[PDB]
């Protein structure tokens, strides 16, 4: 199963339901849950750091991003938290508003397998990754966001600025499916 850290955003339940829909179990836990309690249960195959409003009140995600021995997906705030954790930079970009963003996939990566190189994703751009951490690379961009997605070149850590877990993201479930594949699931 996948543990979802609830960073307080309103789509946390859409993560659980989207995963269940492709036949993966998941559990929403408070974002203050210690990494050591998550990793005590060998049933936990991966961690998703959800979207939420305040990075200061998701400080515990920094420890999980740095020190977890399981695959991680950061969604919006989770993406930004991964960035900060590894000494990248994060800041205000555009106005607050959810919009369909045309996203370009810039390289061949496991996270976007069976996703067209061009797809519409549901995203806010209140905040964005400004400098990608050392030893990470950009997987995707839009006209307004240089870092729509990134991965750790040597750990199984993935960041998306957008929300794959809402139906408004084309191939959103596919992107979740792909992360689950890194976490040991097969979808034959």
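Positions refer to the first chain, counted from 1.
Per the record, averaged over C-alpha atoms, which has the higher B-factor: 154-162 or 136-144? Taking the mean B-factor of the alpha carbons in each, 136-144 is higher.
Test of understanding: from the entry's C-alpha B-factors, which stretch has the higher mean, 166-174 or 10-18? If you average the C-alpha B-factors of 166-174 and of 10-18, the larger mean comes out for 10-18.
Candidate residues 48, 35, 29, 62, the one whose C-alpha B factor the record puts highest: Answer, based on the entry's C-alpha B-factors: 35.
Would you mind checking which of 76, 84, 93, 73 has the top Cα temperature factor in the PDB entry? Top of the list by C-alpha B-factor: 93.
Ranking the modelled residues of this chain by C-alpha B-factor as given in the entry, is residue 126 in the lowest, middle or highest third? CA B-factor rank for residue 126: middle third.
CA B-factor ranking of residue 109, expressed as a third of its chain: Ranked within chain, residue 109 CA B lands in the highest tercile.
Split the chain's modelled residues into thirds by Cα B-factor; is residue 55 in the lowest, middle or highest one? Highest third.
Give the position of residue 3 by CA B-factor within its chain, expressed as the lowest, middle or highest third. Lowest third.
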